[PDB]
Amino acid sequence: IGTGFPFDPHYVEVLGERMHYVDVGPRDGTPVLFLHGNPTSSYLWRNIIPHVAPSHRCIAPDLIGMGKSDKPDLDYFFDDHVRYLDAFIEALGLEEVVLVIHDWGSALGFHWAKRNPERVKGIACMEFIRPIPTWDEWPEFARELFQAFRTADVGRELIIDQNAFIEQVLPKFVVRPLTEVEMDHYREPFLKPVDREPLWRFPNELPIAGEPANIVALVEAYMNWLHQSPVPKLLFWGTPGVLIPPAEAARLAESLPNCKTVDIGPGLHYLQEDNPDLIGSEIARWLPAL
């Protein structure tokens, strides 16, 4: 599995801040917009993009405060990310898009799709955010850790001081062993503890047990939209998963209209790190029929 990032950097000004993005592929069709989540960046898509770039433009931004994007003095609530991603999409003058989305990038993508349904031609998704009714629906192997992340003082000490989202959650949520070269890519934006705010705010935004109420409501809303939308959907899943266990992926194959699922094999949360070639090849096979 490749560890390099062989992509020319691009930057665009968004609400007075610079955002980094990958931009490869032909420029005369519907672009494919790749949205990472926590604690990753466009690096997470590095081995998937090459499958799609021969036929389609691939745009992969680094979220505000992440990757090579600028680090404004924000609290980095979900709403902050919504504002910057909305403005990034407009700054590139994108019209219709296909979304490829994961984790908080899926909350962003689904929320954008709900608000701009005529502009979404297809959605490929994996390990995406739904409301989590109770802690029992969070995997036991990561339950105490995420509960700690959401505990006053304790969570900041873990994520801000000890860098636990990078150092603990990444290896925990990839089935295969990650290499040092890969870990160093993921570490690069967060060498300075103060810069880790997004990494801590994100798990504190997860819709778990009805809290925070604003996120639960927003995620319920995009899920009601998704369950009634005719947009083509391609859902990748692994065993045992984290946010989307096998039995749930099988239900969604039916409970989401126009949906196909792809089993990537063993996988936890960062499925892109376990089977990037199957994800990329199957997205490439699915695109032309949109």
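Residues carry their position along the shown sequence, with the first being 1.
Mean temperature factor over C-alpha atoms, higher-scoring stretch between 122 to 130 and 135 to 143: The deposited B-factors put 135 to 143 ahead on the C-alpha mean.
Given 97 to 105 and 73 to 81, the range whose Cα B-factors average higher in the PDB entry: Per the PDB record, 73 to 81.
Top Cα B factor in the deposited entry, candidates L278, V22, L15, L268: Top of the list by C-alpha B-factor: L15.
Highest recorded Cα temperature factor - choice among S255, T40, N47, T261: That would be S255.
Third of the chain's Cα B-factor distribution that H111 belongs to, per the entry: Bottom third by C-alpha B-factor.
For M66, the third of its chain into which the C-alpha B factor falls: It belongs to the middle third of the chain when residues are ordered by C-alpha B-factor.
Third of chain Cα B-factors occupied by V231: For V231, whose C-alpha B-factor we compare with every modelled residue in the chain, the answer is the middle third.
Ranked against its chain, the third holding the CA B-factor of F173: Bottom third by C-alpha B-factor.
Position of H56 among the chain's modelled residues by C-alpha B-factor, lowest, middle or highest third: For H56, whose C-alpha B-factor we compare with every modelled residue in the chain, the answer is the middle third.
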